[PDB]
$ cat input-v1.tsv   # TSV, C-alpha atoms
chain	number	residue	atom	x	y	z
A	6	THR	CA	-9.07	-14.85	19.05
A	7	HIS	CA	-6.35	-13.44	16.80
A	8	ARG	CA	-3.65	-14.74	19.16
A	9	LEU	CA	-1.44	-17.61	18.05
A	10	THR	CA	-1.04	-20.74	20.15
A	11	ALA	CA	2.54	-21.89	20.68
A	12	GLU	CA	1.96	-24.59	18.03
A	13	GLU	CA	0.43	-22.15	15.54
A	14	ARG	CA	3.29	-19.71	16.11
A	15	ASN	CA	5.96	-22.37	15.60
A	16	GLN	CA	4.30	-23.48	12.38
A	17	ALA	CA	3.80	-19.89	11.13
A	18	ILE	CA	7.47	-19.09	11.67
A	19	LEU	CA	8.55	-22.20	9.77
A	20	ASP	CA	6.25	-21.34	6.89
A	21	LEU	CA	7.31	-17.67	6.85
A	22	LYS	CA	11.02	-18.54	7.04
A	23	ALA	CA	10.51	-20.82	4.04
A	24	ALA	CA	8.94	-17.83	2.29
A	25	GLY	CA	11.99	-15.68	3.05
A	26	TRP	CA	10.77	-13.72	6.11
A	27	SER	CA	12.94	-13.24	9.17
A	28	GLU	CA	12.18	-12.55	12.82
A	29	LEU	CA	13.50	-9.34	14.30
A	30	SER	CA	15.56	-9.93	17.43
A	31	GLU	CA	14.38	-6.81	19.36
A	32	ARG	CA	10.67	-6.81	18.49
A	33	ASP	CA	8.11	-9.54	18.08
A	34	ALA	CA	7.85	-8.81	14.39
A	35	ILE	CA	8.70	-10.31	11.03
A	36	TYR	CA	10.59	-8.69	8.16
A	37	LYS	CA	11.17	-9.20	4.45
A	38	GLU	CA	12.68	-7.25	1.55
A	39	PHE	CA	11.08	-7.63	-1.87
A	40	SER	CA	12.90	-6.67	-5.05
A	41	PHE	CA	10.89	-6.16	-8.20
A	42	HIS	CA	12.04	-5.13	-11.69
A	43	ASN	CA	10.77	-1.58	-11.41
A	44	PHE	CA	8.53	0.85	-9.49
A	45	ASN	CA	5.50	0.10	-11.62
A	46	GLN	CA	5.62	-3.48	-10.32
A	47	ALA	CA	6.55	-2.46	-6.77
A	48	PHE	CA	3.76	0.08	-6.44
A	49	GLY	CA	1.20	-2.21	-8.10
A	50	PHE	CA	2.18	-4.75	-5.41
A	51	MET	CA	1.87	-2.06	-2.70
A	52	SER	CA	-1.59	-1.15	-3.98
A	53	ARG	CA	-2.78	-4.76	-3.53
A	54	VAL	CA	-1.32	-4.88	-0.06
A	55	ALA	CA	-2.96	-1.55	0.84
A	56	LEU	CA	-6.35	-2.85	-0.25
A	57	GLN	CA	-5.88	-5.92	1.93
A	58	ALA	CA	-4.63	-3.81	4.88
A	59	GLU	CA	-7.95	-1.91	4.81
A	60	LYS	CA	-9.99	-5.09	4.35
A	61	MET	CA	-8.27	-6.54	7.49
A	62	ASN	CA	-7.67	-3.36	9.46
A	63	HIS	CA	-4.06	-4.43	9.74
A	64	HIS	CA	-1.24	-2.24	8.43
A	65	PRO	CA	2.37	-2.81	7.42
A	66	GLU	CA	5.42	-0.82	8.34
A	67	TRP	CA	7.05	-0.44	4.98
A	68	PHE	CA	9.80	1.36	3.09
A	69	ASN	CA	10.01	1.72	-0.70
A	70	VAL	CA	12.56	3.10	-3.11
A	71	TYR	CA	11.96	2.39	-6.77
A	72	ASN	CA	11.79	-1.42	-7.14
A	73	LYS	CA	12.53	-2.32	-3.47
A	74	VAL	CA	9.88	-2.76	-0.75
A	75	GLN	CA	10.87	-3.59	2.86
A	76	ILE	CA	8.04	-4.79	5.09
A	77	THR	CA	7.86	-5.25	8.85
A	78	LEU	CA	4.70	-6.87	10.32
A	79	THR	CA	3.51	-6.94	13.89
A	80	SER	CA	0.29	-6.29	15.70
A	81	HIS	CA	0.73	-2.79	17.03
A	82	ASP	CA	-1.98	-2.88	19.79
A	83	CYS	CA	-0.91	-6.38	21.05
A	84	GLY	CA	2.89	-5.87	21.00
A	85	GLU	CA	3.25	-9.30	19.40
A	86	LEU	CA	2.94	-11.34	16.27
A	87	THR	CA	-0.62	-12.59	15.76
A	88	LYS	CA	-2.73	-14.45	13.25
A	89	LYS	CA	-3.32	-11.07	11.52
A	90	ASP	CA	0.39	-10.80	10.75
A	91	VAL	CA	0.51	-14.36	9.44
A	92	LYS	CA	-2.54	-13.82	7.23
A	93	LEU	CA	-1.23	-10.53	5.85
A	94	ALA	CA	2.20	-12.06	5.19
A	95	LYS	CA	0.60	-14.92	3.28
A	96	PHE	CA	-1.42	-12.44	1.23
A	97	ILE	CA	1.73	-10.40	0.55
A	98	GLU	CA	3.48	-13.52	-0.72
A	99	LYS	CA	0.60	-14.13	-3.15
A	100	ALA	CA	0.64	-10.50	-4.36
A	101	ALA	CA	4.41	-10.52	-4.85
A	102	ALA	CA	4.58	-13.92	-6.69
A	103	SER	CA	2.26	-13.11	-9.46
A	104	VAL	CA	4.62	-10.16	-10.16
B	6	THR	CA	19.44	20.98	-17.52
B	7	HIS	CA	17.85	19.61	-14.36
B	8	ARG	CA	20.67	21.08	-12.24
B	9	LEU	CA	19.94	23.99	-9.94
B	10	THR	CA	21.96	27.20	-10.08
B	11	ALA	CA	23.17	28.49	-6.72
B	12	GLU	CA	20.36	31.09	-6.83
B	13	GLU	CA	17.69	28.52	-7.73
B	14	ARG	CA	18.94	26.21	-4.98
B	15	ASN	CA	18.89	28.95	-2.34
B	16	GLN	CA	15.36	29.90	-3.33
B	17	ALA	CA	14.17	26.25	-3.45
B	18	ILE	CA	15.49	25.61	0.05
B	19	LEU	CA	13.73	28.70	1.41
B	20	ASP	CA	10.48	27.67	-0.21
B	21	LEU	CA	10.79	24.04	0.94
B	22	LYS	CA	11.71	25.05	4.50
B	23	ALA	CA	8.59	27.22	4.56
B	24	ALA	CA	6.67	24.12	3.48
B	25	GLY	CA	8.12	22.12	6.37
B	26	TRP	CA	10.94	20.21	4.60
B	27	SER	CA	14.39	19.90	6.10
B	28	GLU	CA	17.83	19.30	4.62
B	29	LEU	CA	19.67	16.18	5.70
B	30	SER	CA	23.13	16.94	7.05
B	31	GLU	CA	24.89	13.84	5.58
B	32	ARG	CA	23.28	13.68	2.14
B	33	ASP	CA	22.25	16.29	-0.36
B	34	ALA	CA	18.61	15.44	0.18
B	35	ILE	CA	15.44	16.87	1.66
B	36	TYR	CA	13.09	15.24	4.15
B	37	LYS	CA	9.57	15.65	5.48
B	38	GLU	CA	7.12	13.67	7.61
B	39	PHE	CA	3.43	13.89	6.75
B	40	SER	CA	0.73	12.90	9.22
B	41	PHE	CA	-2.75	12.21	7.92
B	42	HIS	CA	-5.88	11.13	9.80
B	43	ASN	CA	-5.74	7.54	8.61
B	44	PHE	CA	-4.23	5.09	6.10
B	45	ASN	CA	-6.97	5.66	3.56
B	46	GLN	CA	-5.81	9.27	3.29
B	47	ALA	CA	-2.11	8.41	3.50
B	48	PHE	CA	-2.26	5.77	0.78
B	49	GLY	CA	-4.50	7.91	-1.45
B	50	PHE	CA	-1.76	10.56	-1.13
B	51	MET	CA	0.92	7.95	-1.92
B	52	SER	CA	-1.01	6.87	-5.01
B	53	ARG	CA	-0.96	10.44	-6.37
B	54	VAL	CA	2.74	10.73	-5.67
B	55	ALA	CA	3.40	7.36	-7.35
B	56	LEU	CA	1.59	8.50	-10.48
B	57	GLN	CA	3.70	11.66	-10.57
B	58	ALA	CA	6.92	9.68	-9.90
B	59	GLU	CA	6.23	7.66	-13.07
B	60	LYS	CA	5.24	10.75	-15.07
B	61	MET	CA	8.62	12.35	-14.08
B	62	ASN	CA	10.79	9.26	-13.81
B	63	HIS	CA	11.76	10.47	-10.37
B	64	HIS	CA	11.15	8.35	-7.28
B	65	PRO	CA	10.89	9.03	-3.56
B	66	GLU	CA	12.50	7.19	-0.70
B	67	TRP	CA	9.56	6.77	1.60
B	68	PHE	CA	8.35	5.02	4.74
B	69	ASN	CA	4.70	4.55	5.74
B	70	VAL	CA	2.93	3.18	8.77
B	71	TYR	CA	-0.81	3.76	8.93
B	72	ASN	CA	-1.35	7.55	8.72
B	73	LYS	CA	2.37	8.59	8.66
B	74	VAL	CA	4.46	9.01	5.49
B	75	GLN	CA	8.16	9.99	5.68
B	76	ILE	CA	9.70	11.15	2.41
B	77	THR	CA	13.33	11.72	1.44
B	78	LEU	CA	14.05	13.26	-2.00
B	79	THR	CA	17.29	13.39	-3.91
B	80	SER	CA	18.42	12.68	-7.42
B	81	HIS	CA	19.95	9.24	-7.16
B	82	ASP	CA	22.08	9.31	-10.38
B	83	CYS	CA	23.41	12.89	-9.71
B	84	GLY	CA	24.16	12.52	-5.96
B	85	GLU	CA	22.54	15.91	-5.39
B	86	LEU	CA	19.34	17.84	-5.10
B	87	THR	CA	18.05	18.94	-8.51
B	88	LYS	CA	15.09	20.64	-10.11
B	89	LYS	CA	13.41	17.19	-10.22
B	90	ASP	CA	13.43	17.03	-6.43
B	91	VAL	CA	12.05	20.55	-6.15
B	92	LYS	CA	9.28	19.83	-8.65
B	93	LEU	CA	8.32	16.56	-6.99
B	94	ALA	CA	8.33	18.19	-3.53
B	95	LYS	CA	6.02	20.93	-4.79
B	96	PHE	CA	3.69	18.31	-6.26
B	97	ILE	CA	3.76	16.37	-2.98
B	98	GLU	CA	2.76	19.52	-1.10
B	99	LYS	CA	-0.24	19.94	-3.43
B	100	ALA	CA	-1.27	16.28	-3.03
B	101	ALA	CA	-0.98	16.43	0.76
B	102	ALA	CA	-2.86	19.78	1.21
B	103	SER	CA	-6.02	18.79	-0.46
B	104	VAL	CA	-6.11	15.92	2.08
C	6	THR	CA	-29.54	-4.80	9.14
C	7	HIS	CA	-28.10	-2.94	6.16
C	8	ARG	CA	-31.62	-2.28	4.82
C	9	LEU	CA	-33.00	1.25	4.88
C	10	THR	CA	-36.33	2.07	6.49
C	11	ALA	CA	-38.67	4.19	4.38
C	12	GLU	CA	-37.69	7.21	6.53
C	13	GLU	CA	-33.96	6.51	6.24
C	14	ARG	CA	-34.30	6.06	2.48
C	15	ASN	CA	-36.21	9.32	2.04
C	16	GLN	CA	-33.60	11.17	4.05
C	17	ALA	CA	-30.67	9.50	2.23
C	18	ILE	CA	-32.10	10.47	-1.15
C	19	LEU	CA	-32.54	14.09	-0.06
C	20	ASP	CA	-28.99	14.22	1.23
C	21	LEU	CA	-27.56	12.51	-1.87
C	22	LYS	CA	-29.53	14.75	-4.24
C	23	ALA	CA	-28.11	17.76	-2.41
C	24	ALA	CA	-24.67	16.24	-3.02
C	25	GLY	CA	-25.37	15.94	-6.75
C	26	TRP	CA	-26.36	12.25	-7.02
C	27	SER	CA	-29.34	11.12	-9.05
C	28	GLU	CA	-31.59	8.06	-8.91
C	29	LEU	CA	-31.67	5.83	-11.95
C	30	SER	CA	-35.19	5.26	-13.22
C	31	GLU	CA	-34.74	1.57	-14.24
C	32	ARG	CA	-32.65	0.29	-11.32
C	33	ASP	CA	-32.69	0.96	-7.62
C	34	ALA	CA	-29.34	2.68	-7.84
C	35	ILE	CA	-27.75	6.09	-7.56
C	36	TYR	CA	-25.43	7.80	-10.01
C	37	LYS	CA	-22.99	10.70	-10.14
C	38	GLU	CA	-20.33	12.04	-12.50
C	39	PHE	CA	-17.23	13.61	-10.98
C	40	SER	CA	-14.95	15.88	-12.99
C	41	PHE	CA	-11.46	16.54	-11.70
C	42	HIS	CA	-8.65	18.63	-13.22
C	43	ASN	CA	-6.65	15.66	-14.42
C	44	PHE	CA	-6.13	11.89	-14.19
C	45	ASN	CA	-3.67	12.18	-11.33
C	46	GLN	CA	-6.48	13.62	-9.21
C	47	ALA	CA	-9.12	11.26	-10.60
C	48	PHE	CA	-7.08	8.13	-9.99
C	49	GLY	CA	-5.93	9.30	-6.54
C	50	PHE	CA	-9.66	9.67	-5.76
C	51	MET	CA	-10.35	6.20	-7.20
C	52	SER	CA	-7.59	4.73	-5.04
C	53	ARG	CA	-9.25	6.08	-1.88
C	54	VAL	CA	-12.59	4.72	-2.97
C	55	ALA	CA	-11.04	1.32	-3.76
C	56	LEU	CA	-9.54	1.13	-0.29
C	57	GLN	CA	-12.93	1.90	1.23
C	58	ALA	CA	-14.69	-0.62	-1.08
C	59	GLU	CA	-12.44	-3.36	0.35
C	60	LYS	CA	-12.86	-2.12	3.93
C	61	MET	CA	-16.69	-2.34	3.45
C	62	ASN	CA	-16.90	-5.22	1.00
C	63	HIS	CA	-19.02	-2.97	-1.18
C	64	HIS	CA	-17.99	-2.12	-4.74
C	65	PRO	CA	-18.85	0.63	-7.20
C	66	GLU	CA	-19.75	0.34	-10.84
C	67	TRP	CA	-17.55	2.98	-12.33
C	68	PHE	CA	-16.23	4.40	-15.59
C	69	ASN	CA	-13.15	6.63	-15.95
C	70	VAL	CA	-11.56	8.52	-18.79
C	71	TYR	CA	-8.80	10.94	-17.85
C	72	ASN	CA	-10.31	13.41	-15.35
C	73	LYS	CA	-13.92	12.05	-15.41
C	74	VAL	CA	-15.26	9.34	-13.07
C	75	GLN	CA	-18.88	8.10	-13.36
C	76	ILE	CA	-20.14	6.07	-10.41
C	77	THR	CA	-23.25	3.93	-10.01
C	78	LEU	CA	-23.99	2.46	-6.54
C	79	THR	CA	-26.38	-0.29	-5.59
C	80	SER	CA	-26.26	-3.38	-3.47
C	81	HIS	CA	-25.76	-6.14	-6.00
C	82	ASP	CA	-26.94	-9.13	-3.84
C	83	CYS	CA	-30.05	-7.24	-2.51
C	84	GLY	CA	-31.21	-5.65	-5.82
C	85	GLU	CA	-31.76	-2.39	-3.96
C	86	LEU	CA	-30.19	0.66	-2.43
C	87	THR	CA	-29.05	-0.01	1.15
C	88	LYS	CA	-27.18	1.65	3.97
C	89	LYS	CA	-23.96	0.36	2.35
C	90	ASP	CA	-24.62	2.49	-0.72
C	91	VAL	CA	-25.39	5.54	1.39
C	92	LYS	CA	-22.23	5.09	3.47
C	93	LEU	CA	-20.03	4.57	0.42
C	94	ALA	CA	-21.57	7.60	-1.33
C	95	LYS	CA	-20.86	9.76	1.72
C	96	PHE	CA	-17.27	8.51	1.78
C	97	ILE	CA	-16.93	9.22	-1.95
C	98	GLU	CA	-18.13	12.78	-1.38
C	99	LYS	CA	-15.43	13.25	1.27
C	100	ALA	CA	-12.72	11.79	-1.00
C	101	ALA	CA	-13.77	13.96	-3.94
C	102	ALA	CA	-14.06	17.27	-1.96
C	103	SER	CA	-10.60	17.35	-0.62
C	104	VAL	CA	-9.50	17.13	-4.29
D	6	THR	CA	5.90	9.87	-35.16
D	7	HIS	CA	3.35	7.97	-33.09
D	8	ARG	CA	1.34	7.14	-36.23
D	9	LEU	CA	1.24	3.56	-37.47
D	10	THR	CA	2.16	2.67	-41.05
D	11	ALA	CA	-0.30	0.39	-42.83
D	12	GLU	CA	2.12	-2.52	-42.23
D	13	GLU	CA	2.58	-1.68	-38.54
D	14	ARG	CA	-1.19	-1.36	-38.10
D	15	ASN	CA	-1.89	-4.70	-39.78
D	16	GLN	CA	0.69	-6.40	-37.59
D	17	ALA	CA	-0.56	-4.67	-34.40
D	18	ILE	CA	-4.12	-5.80	-35.06
D	19	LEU	CA	-3.00	-9.40	-35.61
D	20	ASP	CA	-1.00	-9.36	-32.40
D	21	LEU	CA	-3.80	-7.69	-30.41
D	22	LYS	CA	-6.45	-10.07	-31.78
D	23	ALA	CA	-4.25	-12.97	-30.68
D	24	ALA	CA	-4.19	-11.34	-27.24
D	25	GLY	CA	-7.99	-11.18	-27.16
D	26	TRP	CA	-8.61	-7.53	-28.17
D	27	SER	CA	-11.25	-6.59	-30.70
D	28	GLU	CA	-11.69	-3.61	-33.02
D	29	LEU	CA	-14.76	-1.47	-32.54
D	30	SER	CA	-16.76	-1.08	-35.74
D	31	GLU	CA	-17.79	2.59	-35.19
D	32	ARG	CA	-14.56	4.04	-33.79
D	33	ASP	CA	-10.93	3.48	-34.59
D	34	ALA	CA	-10.38	1.88	-31.21
D	35	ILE	CA	-9.65	-1.46	-29.62
D	36	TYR	CA	-11.50	-3.15	-26.78
D	37	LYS	CA	-11.01	-5.96	-24.28
D	38	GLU	CA	-12.72	-7.27	-21.15
D	39	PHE	CA	-10.54	-8.67	-18.38
D	40	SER	CA	-11.94	-10.92	-15.67
D	41	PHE	CA	-9.94	-11.40	-12.51
D	42	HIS	CA	-10.76	-13.44	-9.38
D	43	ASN	CA	-11.63	-10.43	-7.27
D	44	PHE	CA	-11.44	-6.63	-6.92
D	45	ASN	CA	-8.12	-6.75	-5.10
D	46	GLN	CA	-6.58	-8.23	-8.24
D	47	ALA	CA	-8.57	-6.01	-10.61
D	48	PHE	CA	-7.67	-2.78	-8.84
D	49	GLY	CA	-4.02	-3.81	-8.39
D	50	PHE	CA	-4.01	-4.30	-12.19
D	51	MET	CA	-5.69	-0.89	-12.67
D	52	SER	CA	-3.07	0.74	-10.47
D	53	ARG	CA	-0.27	-0.58	-12.71
D	54	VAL	CA	-2.08	0.62	-15.79
D	55	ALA	CA	-2.66	4.05	-14.21
D	56	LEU	CA	1.04	4.41	-13.47
D	57	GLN	CA	1.85	3.56	-17.08
D	58	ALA	CA	-0.86	5.93	-18.39
D	59	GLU	CA	0.89	8.80	-16.58
D	60	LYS	CA	4.35	7.66	-17.70
D	61	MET	CA	3.09	7.72	-21.35
D	62	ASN	CA	0.53	10.51	-21.13
D	63	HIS	CA	-1.95	8.11	-22.68
D	64	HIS	CA	-5.18	7.20	-20.91
D	65	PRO	CA	-7.67	4.35	-21.15
D	66	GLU	CA	-11.42	4.49	-21.29
D	67	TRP	CA	-12.32	1.89	-18.74
D	68	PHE	CA	-15.18	0.42	-16.73
D	69	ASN	CA	-14.81	-1.70	-13.58
D	70	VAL	CA	-17.19	-3.61	-11.37
D	71	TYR	CA	-15.61	-5.90	-8.80
D	72	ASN	CA	-13.38	-8.35	-10.72
D	73	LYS	CA	-14.24	-7.13	-14.28
D	74	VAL	CA	-12.33	-4.40	-16.16
D	75	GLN	CA	-13.41	-3.30	-19.67
D	76	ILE	CA	-10.86	-1.23	-21.57
D	77	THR	CA	-11.20	0.80	-24.77
D	78	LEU	CA	-8.02	2.34	-26.26
D	79	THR	CA	-7.68	5.03	-28.88
D	80	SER	CA	-5.70	8.19	-29.30
D	81	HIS	CA	-8.17	10.89	-28.36
D	82	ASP	CA	-6.42	13.89	-30.06
D	83	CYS	CA	-5.70	11.92	-33.32
D	84	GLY	CA	-9.11	10.20	-33.71
D	85	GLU	CA	-7.28	6.97	-34.54
D	86	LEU	CA	-5.35	4.04	-33.23
D	87	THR	CA	-1.64	4.85	-32.88
D	88	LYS	CA	1.57	3.35	-31.59
D	89	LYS	CA	0.61	4.71	-28.14
D	90	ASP	CA	-2.46	2.46	-28.09
D	91	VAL	CA	-0.43	-0.55	-29.18
D	92	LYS	CA	2.23	0.09	-26.54
D	93	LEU	CA	-0.31	0.60	-23.77
D	94	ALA	CA	-2.22	-2.54	-24.82
D	95	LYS	CA	0.98	-4.58	-24.69
D	96	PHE	CA	1.74	-3.20	-21.23
D	97	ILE	CA	-1.81	-4.01	-20.11
D	98	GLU	CA	-1.37	-7.59	-21.28
D	99	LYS	CA	1.80	-7.88	-19.18
D	100	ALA	CA	0.09	-6.39	-16.10
D	101	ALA	CA	-2.93	-8.68	-16.45
D	102	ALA	CA	-0.92	-11.93	-17.05
D	103	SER	CA	1.11	-11.84	-13.95
D	104	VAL	CA	-2.26	-11.70	-12.12

$ encode --input "input-v1.tsv" --output "structure tokens"
Amino acid sequence: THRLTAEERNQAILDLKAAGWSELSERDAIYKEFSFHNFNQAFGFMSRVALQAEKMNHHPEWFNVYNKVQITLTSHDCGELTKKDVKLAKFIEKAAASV
Amino acid sequence: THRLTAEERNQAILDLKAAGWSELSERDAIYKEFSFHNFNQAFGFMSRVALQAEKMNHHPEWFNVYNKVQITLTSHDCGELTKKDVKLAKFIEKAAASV
Amino acid sequence: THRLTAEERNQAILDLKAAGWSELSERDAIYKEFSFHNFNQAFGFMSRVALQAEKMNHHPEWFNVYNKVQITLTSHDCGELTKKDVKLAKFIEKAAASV
Amino acid sequence: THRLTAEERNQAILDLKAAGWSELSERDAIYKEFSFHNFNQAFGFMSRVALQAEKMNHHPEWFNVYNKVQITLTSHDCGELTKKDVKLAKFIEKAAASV
């Protein structure tokens, strides 16, 4: 299953909060704003995320202007946060951190 | 100059309205939602736009989820719509239309 | 299986030859050069192919300079042309044709 | 001018050799192979380079398969290595090093 147990969810939220993600209050979704130096960096980062979204069949809701990228993750068919969201968030952290 | 004359602005708005763009009421900006078949198409389109944004040093405000891309254009330093916005919009129409 | 039957291979080669691909003589691989108007188009095309490569876990050998993209497809683990190569080639044709 | 003085060329070659580039013997061009962990990384890197190529109007000759990217730089109109090649190489080093 892609569903999180209560234990897995608790742990995922701790880990994601440590990584700077927040939970939305009105949706079962997580959110984070990334700020790069420029658009070259931001769009290079988006390109990596896009590749992974297609590998996983799991897609972000995201906004960009120049160096800023705002990302909301949730599992659109399920209506809830799942292991797919946690995995994509962890990949996004890796893609962002390298620059 | 990148500034539009009154005549050039009037004509640009007519052309952009014909292309499905709208003017925002609260900002001097234009807006359009694009709907593709899938994310592969949407992100391929975004990649072309990103390339052009760097060629022009002129960047969109944009939101994507899966096949949908929402774009707002304005010239951030100027506070107004300029020839840069018109040129980028026309390029975006070309990139979208080819699929 | 991803392997082609003799019938499926014969048919795939006919279809791919009609689409402008050639068979290499020294490898069980197919090859085609694409020529676009510019790099914006060529790299937009590459971005779509890259997305699909990650969706499929199947990667091209490719060369680009400006508007030209040369692609060789074969299944690297198998040493032969497979259904993965045919599927990716058909996707590449779609991505190229739209511009 | 984009042309290198003899002093600037000597210094550029030293710096680029330190960065792992080589001079081709038969062309006035420089060459380097990059090896990433995977295609996600390699294509994210290519996307950054593509953006910069359009910003600069200066394009690589490059080959990719999975995690490997081979790049040859020269100024196609000039027939020689120029400041554009040095600048793009330095950008490529930055894009590669971050991962």

$ closest_residue --input "input-v1.tsv" --among "B:34, B:93, B:78, B:104" --to "residue 60 in chain B" --atoms "only C-alpha atoms"
B:93

$ residues_near_point --input "input-v1.tsv" --point "(-10.6, 16.4, -9.4)" --cutoff "12 Å" --atoms "only C-alpha atoms" --output "short mmCIF file (atom, residue, chain, number, x, y, z; two decimals) with C-alpha atoms, in the frame of the given file"
data_model
loop_
_atom_site.label_atom_id
_atom_site.label_comp_id
_atom_site.auth_asym_id
_atom_site.auth_seq_id
_atom_site.Cartn_x
_atom_site.Cartn_y
_atom_site.Cartn_z
CA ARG B 53 -0.96 10.44 -6.37
CA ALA B 100 -1.27 16.28 -3.03
CA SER B 103 -6.02 18.79 -0.46
CA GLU C 38 -20.33 12.04 -12.50
CA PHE C 39 -17.23 13.61 -10.98
CA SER C 40 -14.95 15.88 -12.99
CA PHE C 41 -11.46 16.54 -11.70
CA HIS C 42 -8.65 18.63 -13.22
CA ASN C 43 -6.65 15.66 -14.42
CA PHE C 44 -6.13 11.89 -14.19
CA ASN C 45 -3.67 12.18 -11.33
CA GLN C 46 -6.48 13.62 -9.21
CA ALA C 47 -9.12 11.26 -10.60
CA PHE C 48 -7.08 8.13 -9.99
CA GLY C 49 -5.93 9.30 -6.54
CA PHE C 50 -9.66 9.67 -5.76
CA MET C 51 -10.35 6.20 -7.20
CA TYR C 71 -8.80 10.94 -17.85
CA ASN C 72 -10.31 13.41 -15.35
CA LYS C 73 -13.92 12.05 -15.41
CA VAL C 74 -15.26 9.34 -13.07
CA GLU C 98 -18.13 12.78 -1.38
CA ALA C 100 -12.72 11.79 -1.00
CA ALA C 101 -13.77 13.96 -3.94
CA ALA C 102 -14.06 17.27 -1.96
CA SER C 103 -10.60 17.35 -0.62
CA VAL C 104 -9.50 17.13 -4.29
#

$ residues_around --input "input-v1.tsv" --residues "residue 84 in chain B" --least-positions-apart "3" --cutoff "9 Å" --atoms "all atoms listed in the file" --output "PyMOL selection string"
chain B and resi 32-34+79-81

$ write_last_selection --input "input-v1.tsv" --atoms "C-alpha atoms" --output "PDB file, in the coordinates of the input"
ATOM      1  CA  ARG B  32      23.280  13.680   2.140  1.00  0.00           C
ATOM      2  CA  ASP B  33      22.250  16.290  -0.360  1.00  0.00           C
ATOM      3  CA  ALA B  34      18.610  15.440   0.180  1.00  0.00           C
ATOM      4  CA  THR B  79      17.290  13.390  -3.910  1.00  0.00           C
ATOM      5  CA  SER B  80      18.420  12.680  -7.420  1.00  0.00           C
ATOM      6  CA  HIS B  81      19.950   9.240  -7.160  1.00  0.00           C
TER       7      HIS B  81
END

$ closest_residue --input "input-v1.tsv" --among "A:66, A:31, A:12, A:59" --to "chain B" --atoms "only C-alpha atoms"
A:66

$ interface_residues --input "input-v1.tsv" --of "chain B" --to "chain D" --cutoff "10 Å" --atoms "all atoms listed in the file" --output "ChimeraX atom specification"
/B:52-53,55-62

$ atom_distance --input "input-v1.tsv" --atom1 "CA of residue 70 in chain D" --atom2 "CA of residue 64 in chain C"
6.8 Å

$ atom_distance --input "input-v1.tsv" --atom1 "CA of residue 89 in chain A" --atom2 "CA of residue 29 in chain A"
17.1 Å

$ residues_near_point --input "input-v1.tsv" --point "(15.3, 21.0, -8.9)" --cutoff "8 Å" --atoms "only C-alpha atoms" --output "list in words"
residues 7, 8, 9, 13, 14, 17, 86, 87, 88, 89, 90, 91 and 92 of chain B
